[PDB]
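Before any comments, here is the structure.
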Amino acid sequence: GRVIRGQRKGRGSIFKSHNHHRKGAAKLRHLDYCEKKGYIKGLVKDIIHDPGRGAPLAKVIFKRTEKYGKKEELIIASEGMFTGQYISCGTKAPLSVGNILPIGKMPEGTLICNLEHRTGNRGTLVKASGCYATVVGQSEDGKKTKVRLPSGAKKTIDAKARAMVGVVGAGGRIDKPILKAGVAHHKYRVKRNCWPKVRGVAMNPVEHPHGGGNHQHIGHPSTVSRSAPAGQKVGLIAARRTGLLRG
RNA sequence: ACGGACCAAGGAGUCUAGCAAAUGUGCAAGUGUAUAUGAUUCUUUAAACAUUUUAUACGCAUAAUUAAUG
RNA sequence: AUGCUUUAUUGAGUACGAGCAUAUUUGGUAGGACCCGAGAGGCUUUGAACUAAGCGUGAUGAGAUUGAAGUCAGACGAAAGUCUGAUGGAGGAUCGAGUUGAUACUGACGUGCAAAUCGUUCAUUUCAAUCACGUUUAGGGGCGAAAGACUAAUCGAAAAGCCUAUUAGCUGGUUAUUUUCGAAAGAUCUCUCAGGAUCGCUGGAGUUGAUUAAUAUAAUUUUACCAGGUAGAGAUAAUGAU
RNA sequence: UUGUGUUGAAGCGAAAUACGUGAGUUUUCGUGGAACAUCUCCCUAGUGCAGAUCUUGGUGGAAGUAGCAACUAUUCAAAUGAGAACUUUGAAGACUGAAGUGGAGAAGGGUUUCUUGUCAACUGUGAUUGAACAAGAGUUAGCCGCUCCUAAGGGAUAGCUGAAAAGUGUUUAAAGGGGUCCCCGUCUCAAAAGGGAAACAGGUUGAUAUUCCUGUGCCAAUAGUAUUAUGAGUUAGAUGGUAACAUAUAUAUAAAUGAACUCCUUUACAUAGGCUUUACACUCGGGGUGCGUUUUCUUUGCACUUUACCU
RNA sequence: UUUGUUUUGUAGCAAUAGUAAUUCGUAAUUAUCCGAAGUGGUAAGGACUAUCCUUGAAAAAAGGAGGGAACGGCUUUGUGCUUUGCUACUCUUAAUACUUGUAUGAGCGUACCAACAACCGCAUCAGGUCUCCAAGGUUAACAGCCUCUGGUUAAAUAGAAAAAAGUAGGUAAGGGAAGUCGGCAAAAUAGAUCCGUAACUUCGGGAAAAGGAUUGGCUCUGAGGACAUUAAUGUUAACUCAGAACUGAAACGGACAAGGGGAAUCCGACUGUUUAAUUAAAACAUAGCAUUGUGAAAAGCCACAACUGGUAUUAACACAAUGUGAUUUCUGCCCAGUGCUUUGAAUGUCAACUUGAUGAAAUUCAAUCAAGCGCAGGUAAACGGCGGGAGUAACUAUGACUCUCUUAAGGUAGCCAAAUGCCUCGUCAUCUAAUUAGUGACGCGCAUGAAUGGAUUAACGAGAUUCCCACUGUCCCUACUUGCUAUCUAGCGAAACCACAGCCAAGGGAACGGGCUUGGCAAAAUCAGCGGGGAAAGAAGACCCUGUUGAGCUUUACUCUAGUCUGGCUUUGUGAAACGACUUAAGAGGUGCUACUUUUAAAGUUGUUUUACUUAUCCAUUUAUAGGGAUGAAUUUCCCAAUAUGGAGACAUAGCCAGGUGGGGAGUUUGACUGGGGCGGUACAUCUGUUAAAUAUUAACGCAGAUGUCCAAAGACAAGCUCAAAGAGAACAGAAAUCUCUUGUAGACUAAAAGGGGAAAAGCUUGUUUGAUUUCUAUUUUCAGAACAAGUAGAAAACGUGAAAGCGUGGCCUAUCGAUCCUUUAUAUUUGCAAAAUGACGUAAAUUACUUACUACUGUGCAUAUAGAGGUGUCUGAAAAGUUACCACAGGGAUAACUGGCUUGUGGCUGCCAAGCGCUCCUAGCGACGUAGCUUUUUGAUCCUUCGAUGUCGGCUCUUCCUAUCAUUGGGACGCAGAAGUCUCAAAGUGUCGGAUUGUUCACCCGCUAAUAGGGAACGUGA
Ligand SMILES: [Mg+2]
Ligand SMILES: [Mg+2]
Ligand SMILES: [Mg+2]
Ligand SMILES: [Mg+2]
Ligand SMILES: [Mg+2]
Ligand SMILES: [Mg+2]
Ligand SMILES: [Mg+2]
Ligand SMILES: [Mg+2]
Ligand SMILES: [Mg+2]
Ligand SMILES: [Mg+2]
Ligand SMILES: [Mg+2]
Ligand SMILES: [Mg+2]
Ligand SMILES: [Mg+2]
Ligand SMILES: [Mg+2]
Ligand SMILES: [Mg+2]
Ligand SMILES: [Mg+2]
Ligand SMILES: [Mg+2]
Ligand SMILES: [Mg+2]
Ligand SMILES: [Mg+2]
Ligand SMILES: [Mg+2]
Ligand SMILES: [Mg+2]
Ligand SMILES: [Mg+2]
Ligand SMILES: [Mg+2]
Ligand SMILES: [Mg+2]
Ligand SMILES: [Mg+2]
Ligand SMILES: [Mg+2]
Ligand SMILES: [Mg+2]
Ligand SMILES: [Mg+2]
Ligand SMILES: [Mg+2]
Ligand SMILES: [Mg+2]
Ligand SMILES: [Mg+2]
Ligand SMILES: [Mg+2]
Ligand SMILES: [Mg+2]
Ligand SMILES: [Mg+2]
Ligand SMILES: [Mg+2]
Ligand SMILES: [Mg+2]
Ligand SMILES: [Mg+2]
Ligand SMILES: [Mg+2]
Ligand SMILES: [Mg+2]
Ligand SMILES: [Mg+2]
Ligand SMILES: [Mg+2]
Ligand SMILES: [Mg+2]
Ligand SMILES: [Mg+2]
Ligand SMILES: [Mg+2]
Ligand SMILES: [Mg+2]
Ligand SMILES: [Mg+2]
Ligand SMILES: [Mg+2]
Ligand SMILES: [Mg+2]
Ligand SMILES: [Mg+2]
Ligand SMILES: [Mg+2]
Ligand SMILES: [Mg+2]
Ligand SMILES: [Mg+2]
Ligand SMILES: [Mg+2]
Ligand SMILES: [Mg+2]
Ligand SMILES: [Mg+2]
Ligand SMILES: [Mg+2]
Ligand SMILES: [Mg+2]
Ligand SMILES: [Mg+2]
Ligand SMILES: [Mg+2]
Ligand SMILES: [Mg+2]
Ligand SMILES: [Mg+2]
Ligand SMILES: [Mg+2]
Ligand SMILES: [Mg+2]
Ligand SMILES: [Mg+2]
Ligand SMILES: [Mg+2]
Ligand SMILES: [Mg+2]
Ligand SMILES: [Mg+2]
Ligand SMILES: [Mg+2]
Ligand SMILES: [Mg+2]
Ligand SMILES: [Mg+2]
Ligand SMILES: [Mg+2]
Ligand SMILES: [Mg+2]
Ligand SMILES: [Mg+2]
Ligand SMILES: [Mg+2]
Ligand SMILES: [Mg+2]
Ligand SMILES: [Mg+2]
Ligand SMILES: [Mg+2]
Ligand SMILES: [Mg+2]
Ligand SMILES: [Mg+2]
Ligand SMILES: [Mg+2]
Ligand SMILES: [Mg+2]
Ligand SMILES: [Mg+2]
Ligand SMILES: [Mg+2]
Ligand SMILES: [Mg+2]
Ligand SMILES: [Mg+2]
Ligand SMILES: [Mg+2]
Ligand SMILES: [Mg+2]
Ligand SMILES: [Mg+2]
Ligand SMILES: [Mg+2]
Ligand SMILES: [Mg+2]
Ligand SMILES: [Mg+2]
Ligand SMILES: [Mg+2]
Ligand SMILES: [Mg+2]
Ligand SMILES: [Mg+2]
Ligand SMILES: [Mg+2]
Ligand SMILES: [Mg+2]
């Protein structure tokens, strides 16, 4: 009868992100001559907090090379950086925490973050607080590098892509029990409108496949297939397996 | 069992198409002057009057029967 | 082959034509169709001055209670550590007036002051708090701490105008006089059982006949003849009981 | 076809020694004031009402009945007037009790405001009252606001999609600009509580006031040329202090050279808790002035004793 | 740059203004305007501390700095750079004069209300509606009560009287919940100081636990600071706190203000939220726990008609989709069913396209690695599920043990008459006097149980229950009082409703009358109450049934559809390899130049597969900013070679076509009969007998039954023969084996129900057969005298049997079955395919070809006439699943759920007879086996009245009637000594109670009593 809650989220009316006090987008530096041939170095002016995101941001200043002036960058800060530090970005920069290097000049076992899955991309992969990847293989003729991602997947990347040495700061923040409904009210207040959640078994049949009944049950197998239409994919999607995991 | 406090005005088997039966009228193996045209028709007349100077417009009837050549 | 024959069978066929036109009435059909009456379906538009949720900018919560971590001082002890007094001001802490609401009297009123009010009594006040303007989301759609709730006294699908005088085997109504004739509530078929078609029962029109105490005719008798297994009877005649 | 009418038509009220089984027809008197029939035979229709919770309009019994009950409360005397429980004046008794029927604003209303007059209807009892009715009046700004800036957002331009109507909004624009020949970089609307040049006190009208009057101040803008005065610098740019820093007082502290380019600061910011300072408020005692009580008491009870912006 | 003091000034504004006074005149003058402190209400600033998985706008506009471009002036040769002097020149503010378009200050708002009558609510409506200011006393207090400044004394009315009854209040002797479903309502408590506080517990609480004492006024004592002369003297405050004496009708938070407490059970962890106008909860949320998908602009989830978007200013400590619901302790077994998911040319089926074979061609046929299903696995914190019967231990009883059916697995740890147990008011204990209630135990549990979460649980709750203390007008049992109404006056002034109307009893009547019949009776007009009746009013019953009337929701109902997955063709270019296809003479052959299958340097062209390239196409980044190799400030070396960049790349994407999946979505449907409907059944198409009343016809969900088949013989004809059974006889042989005789009217048989028929046959056995065949008519049954269907009597052919007359058109007779449209095979010297031809230039002539005359028989495919067949059992013949406790409409008393009416089976009461009981004795008192009635206080049966409506259980209050008499009054009898009782007569005058449990009517206990009888009045009684 009626359009479901999870279908309405795509209209983007009251489900758009809350971003009034956010500070800007976190990108690497634009790929240019210096990083391809040597390196360039910038100065850390501040570490600041971003309302929606858990990891801190470093505010870093480089010096213009084509012209007289200065320029600004926003970069996810790795654990250990400090105000007044000089970091160096380029193909020949020394290996140290906070420098930005191509992944093909790093030995095996190096912990990295803020990685590009394509060259010149300005960084996409390892970004949430407390996360890192591992260099796990260098190809015989260069041109390819193999890494291990936080979820445990393995990937091969172009060997000229860039990343930061070290781990993302402010890690270990899911070890504190939230303990109050108001704390979770304040958490999602600055993210998006997704809290609280009514469960489908407590609605009427018009609004949900689980709704209705004289006893609050599903009455249906709760694992649905990958091909089901939008108003019907609602329980466990394409589940290979259910129940407690034992290994 | 339902409608009705009282009074006045209004208020409901009609019109058109197509078929049949009954009855009145005209002509009769025929009958009906279609659309038009004509006129010393033109307040009335948007009515009425006329029919192309051994005579093939059309309808119904005058002949039936068969899927059909017939 | 211009097919033939008495045969049988069929036609809304033939055996010296009756039609065409035009008044009116009646019947059945289509149309608004004797008059008034739905619950619905569709097309295009108008509303978030109420209320729901998000967002921007601002404003607001008398008074009192309780007493976490940190700090100072004193006592004990070989160390580790323990005990006593003060200080301090935490917490979706506690009473409570405003504010925001609505538990009970199943009180008053119920032709109200009022299409939700009045009185007393209740719940809530540092937080998931409460208000005001501005702004976003529009109808099979939105919004919902979820009651099928709310979306301008309208929501298990808003409001305005059209398609539209939609359809109804079902309720209600249907307008002057006298005179003459006068019913059925059985039967067959039916997605038929509150309906219909068809036969029966009724009225009107018109011929052919009889008007010759006749013939046709008769919900009646008489004379001649025919068919029957019900009332009674039987159980020793058959069957079955006793 | 052939008739009635100002010497009185239709219609209406009451009737008749009248006719008909009946629907009806005909006639008298009164009112009325202008048209009305045809039955000689035909044509024609939106042609005959007791009902449909029928439509529109008017009117009853109920009935001088139900009722005119929240908000503590009224009394004496006078004026006016045809007429005063509810108009005005004086004297009493009381209420609101600063979280006020006290003052000032927004949304909304639109002349309800003021003076004069004044009662047909309204002001659910009266009414001489009134936000009712009639005639004429009344709203004054460089300093209070809008107007300017940007916000959540709206409308647009290029392009793309669609039969269009419309949807979306740099998704490869030779755009928009500003700086004097260069660089930067879409347009526009959206806050009378956010941001933001600048004003105070006294007086004044029937009705306006940080707007009018008086006096004293502030802010912003003010072409070119020439003269005259105010100060400063050089015989292409001043000094003091160890330092933190300081210095132009002319009517008026106005002048301490500085291009392209570049970097910062103000505007500019949450909540809770106690400590502290200063203004406004409140109160106690002296002095002056006026008033009140006074059979008894009382060096006594109350009022006033003020000071803005700007330098 | 020095001293007390030169002395002035509210520092200027400034007294010239404001306020309070005293003056003199019909605008006039004077005097004051100045000395020291306290309290802490309101606002703002300052320096600080702490909190956040929460870190709390921007722009117009203004300012500061770095750096060092340019530059002493007036005329002085020339072509902006070349020549001579003075060492006034450069800024800055103000005023003036002239040239200049006319060289200060735009435009719009401004009255009044802001609710008390100016706004919205139909109004001059007790409602709603945003912001700022805020005095004195009491006090913790901006609370409550009283007051000053300012405001008012007004409300759609007044006067009198004062009874019932109402509404808002106040008291009550003795008892203290006995009232009631229920302590509903009301009382009792309460401020502050000092003492004292349990179980349990997540150690934080519970907690104001529970409890005890004090409190006025007056007169005193003690404690707590600051400052200046020097330990000593002197001045000087604010408010609290602790003690003592005295005093009063023993009173003192004196008015106001202000918790009732305790022992346990159930649910939910907690603060929070919800159905605006009948539900505030145990419902929703929540922290915590667990499961699932996804490494990216070719990804997960979602929006759009397309083009494009949301999450995303994102990146696994993330985003998205679900369950359960704090802590503690736990979370058992099942993958057979249904879902979801993994592998693939070994593998079955499953499209378009393509490729071959054949043919004149249209067609026809065959082959080929798509996805999906099938085949083989995983998964229960996916949907869900988790057994019976017997025997057995030295008194009984029980069953550790055993046997046997049996499942995918057989309910584990726990828990229980639980918000879950029918029987049920379960058994035992406890609580009371008395317990359908409460608590603790028991467990073969109709039908308990593990994130559908199981068992607990401190704290918390306007949540659901039981008991105790305090308290009381809830009650015994009511009385007295105040305001405001009602009442009577002057003024003003409606509405609902209304066929006509309004006294009764019985009768009949649509079975409950105001009106009708027969009786009782019946005398103006008027005031205040009241709730028996007018089956009173409101309003086309919402319950129930009907309608070929709807709508919301569900699904493995009937048809479809968005989206997803999969294959083909086009977009679409340049090369190169490797294997497949259709051809060479070979290969063994089997066959009568020849016919078919078979190992290899191909006759030459086409196909899936792999790889390479860049310009089509797609993506990303930037201001399209250097061609490859070796926490100051920065602006005016060498080697390698002459499409912005990078990544993919003819693959994605996109357009047309094809297949799978698809309640996410759309449209629709979901028979009838029926002692209401539903369930059951078929009485829905047929047949035998009976009801059926001696022609024929005739109903019910009447009675006893049968049909949807069967048979090359069980059909046709002819001949011969005679059956069931019984008796007596015959080696094994008997009750039953084979054989002979005698009797035998059918007692046998004849496919199947039942009825009728049948003896040289209709039965049995033999012989020959296919009339169970082709065509047509007159007609009978049901009936409209319509179709099918099943029969009867015949005619035109060709046959069978029999010697012959004859008989045969299925079964000895009565049942055994099917339209239009469509399809399919048969028949024909019958026809068509819209200008014509197709056997065939066949036969005979003729020539110099457009020659002539003759002929039953003429391409593929399709159509058409006539005859059978494929089926409609709802059988005169639609392609069709559920639910509504969210509901809508048109109707029905044609039809259910009350009262009333007829009946009285069942329920209740009363009779008659005498077997027997009563030691003995039929009848004191009873009464078996039988049998006659009465009543309408039970429950049925029926469907008469009411569906545009007669309020549906019980209790409380109040009146009246009946007798089928419990007590009280007079009597009779006994199995009657007295006492106490039992049976019975006249008799309705007077009575027929207080309580515990339950919503109860009904029950069952504790009591008293004289007795604690039974009933009716629309199941008496809801304006
Ligand atoms: Mg629900
Ligand atoms: Mg659904
Ligand atoms: Mg549940
Ligand atoms: Mg189930
Ligand atoms: Mg009716
Ligand atoms: Mg009526
Ligand atoms: Mg005629
Ligand atoms: Mg014709
Ligand atoms: Mg009509
Ligand atoms: Mg429809
Ligand atoms: Mg609004
Ligand atoms: Mg809002
Ligand atoms: Mg709290
Ligand atoms: Mg009430
Ligand atoms: Mg209330
Ligand atoms: Mg519901
Ligand atoms: Mg209609
Ligand atoms: Mg008659
Ligand atoms: Mg006339
Ligand atoms: Mg009419
Ligand atoms: Mg009329
Ligand atoms: Mg009338
Ligand atoms: Mg009336
Ligand atoms: Mg009255
Ligand atoms: Mg008045
Ligand atoms: Mg007062
Ligand atoms: Mg008061
Ligand atoms: Mg107050
Ligand atoms: Mg006025
Ligand atoms: Mg006036
Ligand atoms: Mg009046
Ligand atoms: Mg006026
Ligand atoms: Mg102005
Ligand atoms: Mg201003
Ligand atoms: Mg914006
Ligand atoms: Mg603007
Ligand atoms: Mg402002
Ligand atoms: Mg004024
Ligand atoms: Mg003013
Ligand atoms: Mg001063
Ligand atoms: Mg004003
Ligand atoms: Mg209005
Ligand atoms: Mg009113
Ligand atoms: Mg009002
Ligand atoms: Mg009273
Ligand atoms: Mg007293
Ligand atoms: Mg008492
Ligand atoms: Mg009791
Ligand atoms: Mg009782
Ligand atoms: Mg109860
Ligand atoms: Mg109470
Ligand atoms: Mg306790
Ligand atoms: Mg709760
Ligand atoms: Mg729990
Ligand atoms: Mg709560
Ligand atoms: Mg409600
Ligand atoms: Mg409520
Ligand atoms: Mg819950
Ligand atoms: Mg959760
Ligand atoms: Mg399985
Ligand atoms: Mg396959
Ligand atoms: Mg067990
Ligand atoms: Mg149990
Ligand atoms: Mg129990
Ligand atoms: Mg489990
Ligand atoms: Mg269960
Ligand atoms: Mg009165
Ligand atoms: Mg009577
Ligand atoms: Mg009556
Ligand atoms: Mg009478
Ligand atoms: Mg009554
Ligand atoms: Mg009805
Ligand atoms: Mg109904
Ligand atoms: Mg429907
Ligand atoms: Mg559906
Ligand atoms: Mg039926
Ligand atoms: Mg008979
Ligand atoms: Mg016989
Ligand atoms: Mg024979
Ligand atoms: Mg036979
Ligand atoms: Mg049928
Ligand atoms: Mg039939
Ligand atoms: Mg349905
Ligand atoms: Mg009836
Ligand atoms: Mg009986
Ligand atoms: Mg009625
Ligand atoms: Mg009644
Ligand atoms: Mg009624
Ligand atoms: Mg008796
Ligand atoms: Mg006696
Ligand atoms: Mg006696
Ligand atoms: Mg009753
Ligand atoms: Mg009775
Ligand atoms: Mg009632
Ligand atoms: Mg009752
Ligand atoms: Mg009553």
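In the text below, chain A, chain B and the rest are named by the order of the sequence lines, each starting its count at 1. Hydrogens, waters and symmetry mates are skipped; everything else that's a heavy atom, side chains included, is used.
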Can you give the dot-bracket line for RNA chain B, where a pair is Watson-Crick or G-U wobble with both atom distances under 3.5 Å, crossing pairs use [ ], and | marks a partner on another strand? ....||||||....|||.||||.||||..(((...(((..........)))......)))....(....)

Take the six-membered rings of bases E:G663 and E:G664, measure centre-to-centre distance and interplanar angle, and say whether these fall under 5.5 Å and 30° respectively. no

For the neighbouring pair E:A320 and E:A321, do the six-membered rings of their bases satisfy both conditions, a centre distance under 5.5 Å and a plane angle under 30°? yes

Rounded distance in Å between the [atom1] positions of [N] and [M]:
N: E:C962; M: E:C902; atom1: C1'; value: 25 Å
N: E:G300; M: E:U564; atom1: P; value: 12 Å
N: E:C71; M: E:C89; atom1: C1'; value: 13 Å
N: E:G671; M: E:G388; atom1: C1'; value: 45 Å

Tell me which pairs pass ring pair (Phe, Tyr, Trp, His ring centres under 6.0 Å) where either residue lies in residues 210-247 of chain A, with sequence neighbours left out. A:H208-A:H210

Indicate for each nucleotide in nucleotides 124-138 of chain C, in 5' to 3' sequence, whether protein heavy atoms under 4.0 Å reach the base (B), only the sugar-phosphate (S), or nothing (-). ----B--------SS

Output one letter per nucleotide in nucleotides 633-643 of chain E: B when a protein non-hydrogen atom lies under 4.0 Å from the base, S when only the sugar-phosphate is that close, - when neither is. -BB--------

Pucker family (sign of torsion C1'-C2'-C3'-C4'), [N]:
N: E:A772; result: south
N: E:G839; result: north
N: E:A126; result: south

Check: [N] base within 3.5 Å donor-acceptor of [X] side chain:
X: A:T119; N: E:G646; answer: no
X: A:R199; N: E:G325; answer: yes
X: A:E66; N: E:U623; answer: yes
X: A:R118; N: E:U621; answer: no

So what's [N] paired with, Watson-Crick or G-U wobble, going by both distances under 3.5 Å?
N: E:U820; value: none
N: E:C687; value: E:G705
N: C:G56; value: C:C133
N: E:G206; value: none
N: E:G63; value: D:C264
N: E:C227; value: E:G234
N: C:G37; value: C:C170

Holding to salt bridge (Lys or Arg N to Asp or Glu O under 4.0 Å), I want the full list of residues that pass it with [X], two or more places apart in sequence or in another chain.
X: A:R53; value: A:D50
X: A:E79; value: none
X: A:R241; value: none

Taking side-chain contact (heavy atoms from CB on, under 4.5 Å) as the definition, give me every residue that meets it alongside A:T83, ordered by chain and number, with sequence neighbours left out. A:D46, A:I47

Apply side-chain contact (heavy atoms from CB on, under 4.5 Å) to A:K146 and list each qualifying residue two or more places apart in sequence or on a separate chain. A:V136, A:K154, A:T156

Establish, with yes or no, whether the OP1 or OP2 oxygen of [N] is under 4.0 angstrom from a side-chain nitrogen or oxygen of [X].
X: A:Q232; N: E:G662; value: no
X: A:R240; N: E:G293; value: yes
X: A:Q216; N: E:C284; value: yes
X: A:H117; N: E:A297; value: yes
X: A:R189; N: D:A270; value: no
X: A:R226; N: E:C565; value: no

Pair listing, side chain to side chain donor-acceptor pair (under 3.5 Å) test, anchored in residues 174-201 of chain A, at least two apart: A:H186-A:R189

How would you list all residue pairs meeting side chain to side chain donor-acceptor pair (under 3.5 Å) that involve residues 134-143 of chain A, not counting sequence neighbours? A:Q138-A:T145

Length of the line joining A:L179:CG and E:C52:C1', which is rounded to integer Å: 14 Å

Check nucleotides 551-558 of chain E against the protein and report each pair of N or O atoms closer than 3.5 Å, with its distance, or say if there are none.
from   : atom 1 : to     : atom 2 : distance (Å)
E:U555 : OP1    : A:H220 : NE2    : 3.0

With RNA chain E as reference, determine whether A:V224 or A:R5 sits nearer its 5' end, using the nearest nucleotide of each. A:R5

